[PDB]
Trainee: 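A single structure is presented below for examination.
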Amino acid sequence: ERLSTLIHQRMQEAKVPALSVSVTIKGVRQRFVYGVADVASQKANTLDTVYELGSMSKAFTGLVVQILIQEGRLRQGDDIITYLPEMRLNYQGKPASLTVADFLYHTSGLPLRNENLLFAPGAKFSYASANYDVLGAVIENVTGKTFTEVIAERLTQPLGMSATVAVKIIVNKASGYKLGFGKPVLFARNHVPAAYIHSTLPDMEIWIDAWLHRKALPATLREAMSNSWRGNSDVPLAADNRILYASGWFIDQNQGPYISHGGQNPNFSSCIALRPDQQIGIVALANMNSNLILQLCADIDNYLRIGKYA
């Protein structure tokens, strides 16, 4: 019957040592912080505990690419070769053509030179985490700066997300655990844009708030946020999935707009979901990789939408 029972039950069923969840609706927000950030040391999961975002880093990368487009320093249509001269890619026998968009929207067909594509670029949606390391490079080639600097310069400092960092060790970072019979501790520079932004719950709340009040930020950010939520429709959709991919977010119109993404690292998992017509923002951070954490934001959304999750 209760939101804390749902969250605590999912935490146990998923066997994640620590779970932090934040839920906001109509400007009322509650936090659910459970468990331990480090098992052996019995260090409690606190508001300060730092998590890996995994694929939820892609929304940060995607927003920056959008800011750069909004400024005229880039276009989605731009050939990738101009920014990454080295990486030429193959399809059939023929050297393929690739655009920034192909990376943003996961239509690249990446199985990085001398490589064969799974399909002609633009032909299909196929999620490849590597697509956003490519855009990490692009953002570097464009600004002449490091990804880490651009993220801090463009997004975290202006938004005041002090504990959020794209890392080129960080205290307060929870231990990462894997799952076998029982949970063994398991606690990559080119892969940070796709998967290695680190943040805290309060900082992810700030991020959620900026997206929920994006009409009241400086125009450059605001127009880039709008464009960030434009899903790519020029792909085949499956019979039971017509959801679109936008800049590091899944966009679903069913009982929507419902805007979301999961994070799935070796040792960490997470999910974020926004329903901006009701001012709903949900974020979950966990220190273990579980498929149930990925579904947790949708449980919470069901609970808010109809009072049922079972």
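One-based numbering along the sequence shown. What's counted below: heavy atoms across the whole structure, side chains too, no hydrogens, waters or symmetry copies.
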Trainee: Can you tell me if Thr143 uses its side chain to pair, donor with acceptor, with the backbone of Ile139 under 3.5 Å?
Mentor: yes

Trainee: Please evaluate residues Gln255 and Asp301 with respect to the criterion side chain to side chain donor-acceptor pair (under 3.5 Å), reporting the C-alpha separation (whole Å), side-chain torsions for both, the decisive distance (0.1 Å), and the verdict.
Mentor: CA-CA 10 Å; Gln255 305 299 119; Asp301 188 52; over 6 Å; no

Trainee: Is there a donor-acceptor pair under 3.5 Å between the side chain of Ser199 and the backbone N or O of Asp203?
Mentor: no

Trainee: Nearest 0.5 Å, please: how far is CH2 in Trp229 from CD1 in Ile251?
Mentor: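 One finds 7.5 Å between CD1 of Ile251 and CH2 of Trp229.
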
Trainee: Distance check, rounded to the nearest 0.5 Å: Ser126 atom OG versus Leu117 atom CG?
Mentor: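 Rounded to the nearest 0.5 Å, the OG-CG separation comes out at 10.5 Å.
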
Trainee: Is the shortest side-chain N to carboxylate O distance from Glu52 to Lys173 below 4.0 Å?
Mentor: yes

Trainee: To the nearest 0.5 angstrom, please state how far the CG atom of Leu296 sits from the CG atom of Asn291.
Mentor: 12.5 Å

Trainee: Apply side-chain contact (heavy atoms from CB on, under 4.5 Å) to the pair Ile282 and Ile25, showing each step before the final yes or no.
Mentor: CA-CA 9 Å; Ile282 301 157; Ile25 175 165; over 6 Å; no

Trainee: Working to the nearest 0.5 Å, report the span between NZ of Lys58 and CG of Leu104.
Mentor: 12.0 Å

Trainee: Can you tell if the side chain of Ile67 reaches within under 4.5 Å of the side chain of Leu221, non-hydrogen atoms only?
Mentor: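 Heavy-atom side-chain distance check passes, below 4.5 Å.
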
Trainee: Please evaluate residues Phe250 and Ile259 with respect to the criterion side-chain contact (heavy atoms from CB on, under 4.5 Å), reporting the C-alpha separation (whole Å), side-chain torsions for both, the decisive distance (0.1 Å), and the verdict.
Mentor: CA-CA 6 Å; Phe250 284 81; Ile259 288 146; over 6 Å; no

Trainee: Looking at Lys43 and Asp38, would you say the former's side chain and the latter's main chain have a donor-acceptor pair under 3.5 Å?
Mentor: no

Trainee: Is it true that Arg113 and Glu86 have a side-chain N and a carboxylate O under 4.0 angstrom from each other?
Mentor: no

Trainee: Which value, rounded to the nearest 0.5 Å, describes the distance between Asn90 atom CG and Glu115 atom CD?
Mentor: 8.0 Å

Trainee: Drop me the distance from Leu217's CG to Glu223's CD, to the nearest 0.5 angstrom.
Mentor: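 So the gap between those two atoms works out to 11.0 Å.
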
Trainee: Measure the shortest side-chain to side-chain distance between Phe60 and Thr164 over non-hydrogen atoms and say whether it is less than 4.5 angstrom.
Mentor: yes

Trainee: So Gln66 and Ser247, side chain to side chain donor-acceptor pair (under 3.5 Å) or not? Walk me through it.
Mentor: CA-CA 8 Å; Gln66 295 298 335; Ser247 302; 3.1 Å; yes

Trainee: Would you say the side-chain atoms of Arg242 pair up with the backbone N or O of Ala239, donor to acceptor, closer than 3.5 Å?
Mentor: no

Trainee: For the pair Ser57 (side chain) and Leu53 (backbone), establish whether a donor and an acceptor sit closer than 3.5 Å, ignoring hydrogens and angles.
Mentor: no

Trainee: Same hydrophobic cluster for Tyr127 and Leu89, using side-chain heavy-atom links shorter than 4.5 Å among ILVMFWY?
Mentor: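 Yes, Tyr127 and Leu89 fall within the same hydrophobic cluster.
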
Trainee: Can you confirm whether or not the ring centre of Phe125 sits under 6.0 Å from the ring centre of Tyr245?
Mentor: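 Yes; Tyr245 has its ring centre under 6.0 Å from that of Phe125.
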
Trainee: Could you go step by step and tell me if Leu110 and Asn131 meet the side-chain contact (heavy atoms from CB on, under 4.5 Å) rule?
Mentor: CA-CA 8 Å; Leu110 280 184; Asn131 284 134; 3.6 Å; yes

Trainee: Do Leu292 and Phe268 belong to the same hydrophobic cluster, where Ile, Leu, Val, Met, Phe, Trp and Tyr are linked whenever their side-chain heavy atoms lie under 4.5 Å apart, directly or via other members?
Mentor: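 They do not share one cluster, since no chain of ILVMFWY contacts under 4.5 Å joins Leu292 to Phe268.
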
Trainee: Would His261 and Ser270 satisfy side chain to side chain donor-acceptor pair (under 3.5 Å), going step by step from the backbone distance to the final call?
Mentor: CA-CA 9 Å; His261 211 294; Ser270 42; over 6 Å; no

Trainee: Salt bridge check, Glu149 against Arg154: does any charged N sit closer than 4.0 Å to a carboxylate O?
Mentor: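 Between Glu149 and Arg154 there is no salt bridge, as every charged N stays at least 4.0 Å from the carboxylate O atoms.
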
Trainee: Which pair of non-hydrogen atoms, one from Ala163 and one from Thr200, has the smallest distance, and what is that distance?
Mentor: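 Result for this residue pair: CB-CG2, 3.6 Å.
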
Trainee: Quick one: do the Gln76 and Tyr105 side chains pair a donor with an acceptor below 3.5 Å?
Mentor: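 A donor-acceptor contact under 3.5 Å links the two side chains.
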
Trainee: Inspect the contact between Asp209 and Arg214 and indicate whether a charged nitrogen and a carboxylate oxygen are less than 4.0 angstrom apart.
Mentor: no

Trainee: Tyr51 and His198: aromatic ring centres closer than 6.0 Å?
Mentor: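 So the answer is no for these two rings.
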
Trainee: Has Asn116 got a side-chain atom pairing as donor or acceptor with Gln92's backbone, closer than 3.5 angstrom?
Mentor: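 At least one qualifying donor-acceptor pair exists.
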
Trainee: Using a cut-off of 6.0 Å, state whether more than 12 heavy atoms not belonging to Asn141 lie near its atom CG.
Mentor: yes

Trainee: Transitively linked via ILVMFWY side-chain contacts under 4.5 Å: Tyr258 with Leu212?
Mentor: no

Trainee: Is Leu155 reachable from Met204 through a run of hydrophobic residues whose side-chain heavy atoms are each under 4.5 Å from the next?
Mentor: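 Shared cluster, yes.
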
Trainee: Are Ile280 and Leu274 close enough, and set up right, to give a side-chain contact (heavy atoms from CB on, under 4.5 Å), and what steps lead you there?
Mentor: CA-CA 6 Å; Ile280 286 160; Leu274 291 80; over 6 Å; no

Trainee: Donor-acceptor pair, distance only, cut-off 3.5 Å: does the side chain of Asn265 make one with the backbone of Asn267?
Mentor: no

Trainee: Tell me, with the steps shown, if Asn45 and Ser20 meet side chain to side chain donor-acceptor pair (under 3.5 Å).
Mentor: CA-CA 8 Å; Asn45 174 26; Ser20 307; 3.0 Å; yes

Trainee: Is there a side-chain contact between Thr99 and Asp79 in this structure, where contact means two heavy atoms from C-beta onward sitting under 4.5 Å apart?
Mentor: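 A side-chain contact is absent here, since even the closest heavy-atom pair is not under 4.5 Å.
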
Trainee: So that I know where these two stand, are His106 and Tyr132 an aromatic pair - ring centroids less than 6.0 Å apart?
Mentor: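 Ring centroids of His106 and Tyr132 are less than 6.0 Å from each other.
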
Trainee: Check this for me: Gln42, atom CD, are more than 12 non-hydrogen atoms of other residues, nucleotides or ligands nearer than 6.0 Å?
Mentor: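 No, not enclosed.
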
Trainee: Does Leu304 belong to the same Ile/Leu/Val/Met/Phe/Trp/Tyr cluster as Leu294, with side-chain heavy atoms less than 4.5 Å apart forming each link?
Mentor: no

Trainee: Do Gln30 side-chain atoms and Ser22 backbone N/O form a donor-acceptor pair below 3.5 Å?
Mentor: no

Trainee: When you measure from the side chain of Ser108 to the backbone of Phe103, do you find a donor-acceptor pair of N or O atoms at a distance under 3.5 Å?
Mentor: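 Pair absent, no side-chain N/O of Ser108 close to backbone of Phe103.
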
Trainee: I'd like to know if the side chain of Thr148 reaches the main chain of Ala166, judged simply by a donor and an acceptor atom lying under 3.5 Å from each other, with no hydrogens or angles considered.
Mentor: yes

Trainee: Check the orientation of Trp207 and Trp249. Use parallel for under 30°, tilted for 30 to 60°, and perpendicular for over 60°.
Mentor: parallel

